[PDB]
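# Structural description and commentary
These are the residues of each chain, in order.
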Amino acid sequence: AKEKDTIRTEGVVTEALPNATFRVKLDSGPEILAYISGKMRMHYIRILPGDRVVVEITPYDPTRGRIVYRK
Amino acid sequence: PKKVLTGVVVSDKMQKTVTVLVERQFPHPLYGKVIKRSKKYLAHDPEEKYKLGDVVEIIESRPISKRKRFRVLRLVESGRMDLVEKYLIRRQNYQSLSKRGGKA
Amino acid sequence: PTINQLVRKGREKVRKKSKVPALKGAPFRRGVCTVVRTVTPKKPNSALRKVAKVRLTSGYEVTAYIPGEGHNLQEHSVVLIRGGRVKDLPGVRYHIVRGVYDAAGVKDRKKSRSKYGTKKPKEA
Amino acid sequence: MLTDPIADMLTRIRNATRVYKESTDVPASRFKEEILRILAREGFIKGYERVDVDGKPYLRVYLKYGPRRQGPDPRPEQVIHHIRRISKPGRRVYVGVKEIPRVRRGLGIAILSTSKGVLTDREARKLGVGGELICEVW
Amino acid sequence: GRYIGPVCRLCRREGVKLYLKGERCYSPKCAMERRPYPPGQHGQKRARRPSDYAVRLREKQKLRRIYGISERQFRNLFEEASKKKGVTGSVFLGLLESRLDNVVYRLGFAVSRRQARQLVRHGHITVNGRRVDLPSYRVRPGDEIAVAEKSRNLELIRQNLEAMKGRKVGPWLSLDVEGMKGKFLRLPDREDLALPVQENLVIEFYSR
Amino acid sequence: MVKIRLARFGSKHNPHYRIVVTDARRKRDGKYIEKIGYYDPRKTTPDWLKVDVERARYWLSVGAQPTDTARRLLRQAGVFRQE
RNA sequence: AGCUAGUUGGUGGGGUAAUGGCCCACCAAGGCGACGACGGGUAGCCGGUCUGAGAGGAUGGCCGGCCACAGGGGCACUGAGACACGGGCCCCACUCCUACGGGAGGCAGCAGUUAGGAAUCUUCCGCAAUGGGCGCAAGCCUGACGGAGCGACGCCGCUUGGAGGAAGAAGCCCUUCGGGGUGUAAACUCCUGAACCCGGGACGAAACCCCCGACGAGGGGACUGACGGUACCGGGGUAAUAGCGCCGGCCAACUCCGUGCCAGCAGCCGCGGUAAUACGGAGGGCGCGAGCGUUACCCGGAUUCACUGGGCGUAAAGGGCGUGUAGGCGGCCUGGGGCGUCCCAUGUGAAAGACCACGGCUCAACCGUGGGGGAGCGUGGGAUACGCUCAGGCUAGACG
Ligand SMILES: [Mg+2]
Ligand SMILES: [Mg+2]
Ligand SMILES: [Mg+2]
Ligand SMILES: [Mg+2]
Ligand SMILES: [Mg+2]
Ligand SMILES: [Mg+2]
Ligand SMILES: [Mg+2]
Ligand SMILES: [Mg+2]
Ligand SMILES: [Mg+2]
Ligand SMILES: [Mg+2]
Ligand SMILES: [Mg+2]
Ligand SMILES: [Mg+2]
Ligand SMILES: [Mg+2]
Ligand SMILES: [Mg+2]
Ligand SMILES: [Mg+2]
Ligand SMILES: [Mg+2]
Ligand SMILES: [Mg+2]
Ligand SMILES: [Zn+2]
């Protein structure tokens, strides 16, 4: 099925944590742990610690999000 | 039948009582090797009669004191500290293994 | 070892160690949710597994996995833990029975419904 | 010292036969000779005789073998494919006549030592007795 | 309770022909007649080499699906033949062949095993007089297996016992078509039965 | 007081007693001193009562005191018949 | 890793049914321990049970045997017997009554309530049967017991039908668009006839008692069922529940669609980042079937604690080396003993369960009867090869 309570809000890469991990601060309100989307990692697309990025956030855990749009 | 046993009188220090050291033998239940186990019985000797080193037959008796249910039935063979030895020395080793140790 | 050695020291029976302190070795244990967060998979997996800290009646407070398409698990929602690790979520040794207590069963299930506490779909 | 004579013998035999010696010596003892008696009887060895090596008594044990073989490794088949001590000092093995094993589905034998002498298993079973289970052989 | 459902699909899956219907299963229609392949959307696709398991599983499923019996019963029956002396393979078949519902079928009282079951259930059968409606009743040597007098007028019992005129019977049996009786002479032996089964496998399957 | 009574060994709706000799204080189905017979209240087999009368007589020879029913069954197998 | 002062023994006395440091006075200085004392932890023990090829491992509900306890602690009284679950006293805790002085309680009996918990039943019927206490007896008491009740909790039995019926409906799935599958499955015809209605209706119960007979043996008579108007019997009679798990491999069962390292699966290896037999549904299939699946725990697989039956040069594993205590092990010949060891007889190894046989209930589950097996230990008799022991001898080990 796949519910639809997902979101695409944007933000900026803050920290450059380990294993394709980032502090990404949502333009919206705060920042989340944000991990690099599979797609994106498969197509490489390095991601500097200060880029505007798109996030996929499950209301289930706003605290986390996946980076969708590369830059 | 009142169980009868045999052993060496390793202790003579009491009044009207002797310590008989009955040695037992039997196969170990799982490993089967025959193993020699043993135990001390305080046999009743009213006449002092039996002295340290003797081999006596012990006989199941009516309680005589707490921890004492055997009477010396008869002497099998007199004197033989070679056995009292084993005992004493074994005890003496104890007097070590704990914090310091016992001379070899 | 020599036979004599065996007689002396002998073999040591193995001690099994429970992998589910659902205490009192119960089959299930019920508790209350503390947090209904989400966690990331391990070594080679990616996804947002739904998880939940649980205060057990057994006194313990553990992390349980929420099986299914989508739950309705909140906070003070009473739930029943059932034990079952999850290779991707370390620190997660139990699954949460769906269809018991505050854990509503999976809606729109038509297959292994029993393992998702969802009644028989009244087919017309 | 020579810790276990009976094993020492079976081993010498096992060792010699493995390299196909014709004969082979072993320090004699009544008990040892007795066992060989069965060995000979059951046809595991050609037989044996009392000899004097360097002044002390031994027992030549004339070994026996299958015939020459074909293709690679014409080495004969063994007559004594097996032979193992069972009762060993510091681990004696006694059996009741009902607990007497049947070596190799009967094709092999086991030599017991009973108060009725040193008989094989059939001999013991027949005579309704048990004893130390000296060794199996097949 | 017993299988109940399309039966010739089993016939097909088991490859071998099973007579779970009596008539027709002789007519050019047991489907194993032009369609000896398994049921379902893949029936005609190539068969990959079956696994040791597969084989044993299938052999058992076969034998069992023949006498139409619950794995539960089938198994216990097996475990029984196992304990009893005598080559298990045989003993087992002998026991399956001792079920009342089977004999009623082996005596032409019924067209098929299923039907015989029902006859037993609806009390149309006799065992030395007293009627017995337990399809799993163990018929044993000496037992006469009649037909309910009351039922002796039933068209079915008539048609059945009619065509039975002429037809011979198993050598471990014997039936008197007149009074609609028959005796269970002896437990049939492996040779006596001609089941498309390799019971050495069925034994091995319960080995695992 | 040692007695001679029945011990229930049947099963629901299927009673089968055992004419036993047991001290008077034991559970009716407890450890008995000796069995000496059996009894099938429903006579579901030709043989539905046996009594080692040799034995009975012995126990009675020593204070055995039978239940009224136990005495019944006994009598019924000439336990006392002194012809 | 050391423990011990009533602690170990003795003499006298108390005490009990009785032996005893059980208790006491006096005397002696003993008693226990690495063959593991003392201390800590955990636990009622057993017949058995579960698993296992076995050895073994695990277990000790229900049934039978024993023990311990009866809110926690202590104590005695009465008695053949108790330190006495529905007897007594005291202390503690808790509860209820209290005119505040003081009193009353104890379901770990049946049922039931409440609490805790994932979770465990009826405040039922009966005393007819079996058994128990009292009574000369009639009889009274009996939540022991016999039954019914609820719960697929387990085991066994049984039904949802049977036979016919297209080169094969429709719908749904797939298609190489020819067709293939669901499938004789259905529809339909015919047959039988669970439920259900009617009638009959039980074994279990023959004693105690009464009469003849002497209150004996023996013979006759009477009363008595909860279950139950149930079991079962006979007549009538309806085609009349099916679900659950699984189909990547271990492992029996494959395709289309949806999704797109997401949502999710997951026991392990792993699967999912646009052709996914591994996710979600569908068609089809495999397996079981009033069950099916899950979780938990035990045995198995695991010769992965290896007695059966494992090992240590480099994988985990030789002690840094020696001297040496205890202990383990012990060359050749002969004699005594007969402790081990072997044999025979005999006693014990309860019943139940296990195994076999026959039998009872339509079968089976369940149950009855009979038979066989059974380690261990007791007693008597025997054997002596090996082991032990004792004695004698020897030089092949060792020492000089
Ligand atoms: Mg989604
Ligand atoms: Mg406890
Ligand atoms: Mg094993
Ligand atoms: Mg008194
Ligand atoms: Mg009470
Ligand atoms: Mg009564
Ligand atoms: Mg009464
Ligand atoms: Mg497969
Ligand atoms: Mg796809
Ligand atoms: Mg093992
Ligand atoms: Mg080993
Ligand atoms: Mg290894
Ligand atoms: Mg290493
Ligand atoms: Mg070294
Ligand atoms: Mg020697
Ligand atoms: Mg002896
Ligand atoms: Mg029968
Ligand atoms: Zn067919």
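Residues numbered from 1 in each chain as written, not as in the entry; some residues may be left out. Chains lettered and ligands numbered in written order. Part of a larger assembly, values for the part shown. Heavy atoms only, no water.

Regarding how it was determined, this PDB entry cites X-ray crystallography in its header, along with a resolution of 3.20 Å.

## Some points on the interface of chain C and chain A
Taken together, the contact between chain C and chain A spans 12 residues of the former and nine residues of the latter. Together chain C and chain A conceal approximately 910 Å² of surface at their shared face, both sides included; 53% is due to carbon and sulfur atoms. In terms of surface lost to chain A, no three residues of chain C exceed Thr38, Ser46 and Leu48 of chain C, which account for 44% of the buried area on that side. On the surface where chain C and chain A come into contact, there are zero salt bridges. If you look at where chain C meets chain A, you find three residue pairs in polar contact. (Contact = heavy atoms within 4.5 Å. Buried area = accessible area lost by both parts, 1.4 Å probe. Salt bridge = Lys/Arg side-chain N within 4 Å of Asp/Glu carboxyl O. Polar contact = N/O pair within 3.5 Å; in protein donor to acceptor, adjacent residues only side chain to side chain.)

## Some points on the sheet that holds strand β5 (residues 66-67) of chain A
One open sheet holds the five strands; their spatial order is β2-β1-β4-β5-β3 (chain A), and the pairing between them is mixed. Edge positions in the sheet fall to β2 (25-26) and β3 (35-36) of chain A, since each of these pairs with one other strand and no more. (Pairing = 2+ DSSP bridges. Helix = DSSP H or I, 4+ residues; strand = E, 2+ residues; numbered from the N terminus.)

## So, the environment of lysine 87 of chain C
Residues and elements named next belong to chain C. Within the secondary structure, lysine 87 sits in the loop between β5 (78-81) and β6 (94-95). By relative accessible area, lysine 87 is classed as exposed at 78%. In sequence terms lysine 87 and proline 41 are 46 residues apart; their C-alpha atoms lie 8.8 Å from each other. (Buried < 20%, exposed > 50% of the residue type's maximum accessible area, 1.4 Å probe, protein only.)

## Notes on the pairing of strand β4 (residues 52-56) of chain A
Residue and element names in this part refer to chain A. Of all five residues making up β4, four are buried, and the element is well covered by its neighbours. Where strand β1 (residues 10-12) lies against β4, three bridges are found, and the strand directions are antiparallel. Across the sheet, residue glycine 11 finds its bridge partner in β4, namely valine 53. As paired elements, β4 and β5 share two bridges and run antiparallel to each other.

## Topic: empty space enclosed by the protein
Tallied over the full model, the rule gives two cavities of 30 Å³ or more. Computed from the structure, the largest cavity encloses a volume of approximately 40 Å³. The wall of the largest cavity is formed by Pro21, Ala22, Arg29, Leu56, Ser58, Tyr60, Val62, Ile81 and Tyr94 of chain C. Along the lines of polarity and charge, the residues of the lining of the largest cavity split into seven nonpolar, one polar and one charged. Considered as a void within the structure, the second largest cavity measures approximately 30 Å³ in volume. For the second largest cavity, the full set of lining residues is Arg5, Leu6, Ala7, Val20, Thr22, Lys27, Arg28, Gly30 and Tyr32 of chain F. Of all the secondary-structure elements, those providing two or more residues to the lining of the second largest cavity are β1 (3-8) and β2 (17-22) of chain F. Element by element, the count of residues in the lining of the second largest cavity is highest for β1 of chain F, at three residues. Split into classes, the residues belonging to the lining of the second largest cavity amount to four nonpolar, two polar and three charged. (1 Å grid on protein atoms, 1.4 Å probe; cavity = no way out; pocket = protein on both sides within 12 Å on 5 of 7 lines; lining within 4 Å. Points joined across faces, edges and corners; volume = space filled by probe spheres on them. Nonpolar A, V, L, I, M, F, W, Y, C, P; charged D, E, K, R; others polar.)

## Some remarks on helix α4 (residues 88-96) of chain E
Residues and elements named next belong to chain E. Along α4, eight of the nine residues are buried, which leaves the element largely enclosed by surrounding structure. Of the positions making up α4, those classed as buried are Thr88, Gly89, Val91, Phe92, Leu93, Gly94, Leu95 and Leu96. For α4, the secondary structure elements touched by its buried residues are α2 (52-66), α3 (71-83), α5 (100-106) and α8 (199-205).

## So, the arrangement of the chains
The assembly contains four pairs of chains in contact; the pair sharing the most contacts is chains A and C. At their nearest point, the C-alpha atoms of chain A and chain B are still 54 Å apart, with no contact between the two. If you take every C-alpha in chain C and every C-alpha in chain E, the smallest gap between them is 20 Å, and the two do not touch.

## With respect to the pairing of strand β2 (residues 56-62) of chain D
Residues and elements named next belong to chain D. Judged from the seven bridges that link them, strand β1 (residues 47-53) and β2 form a sheet pairing that is antiparallel. Directly across from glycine 47, in β2, lies its bridge partner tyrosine 62. Hairpin connection from β1 to β2: two residues lie between these consecutive antiparallel strands, with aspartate 54 at a positive phi of about 45°.

## Observations regarding the protein's contact with RNA strand G
Around RNA strand G there are 207 residues in total, and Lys66 of chain B, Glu69 of chain C, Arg9 and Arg12 of chain E together with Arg28 of chain F lie nearest to it. Counting only atoms of RNA strand G within 4 Å of the protein, the fraction found in sugar and phosphate groups is 80%. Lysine 56 of chain D is positioned with one of its side-chain polar atoms (N or O) 2.8 Å from a phosphate oxygen of RNA strand G. In the environment of RNA strand G, a phosphate oxygen lies 2.5 Å from a nitrogen or oxygen atom belonging to the side chain of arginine 24 of chain E. Looking at the surface near RNA strand G residue by residue, the classes come out as 66 nonpolar, 59 polar and 82 charged. (Near = heavy atom within 4 Å.)

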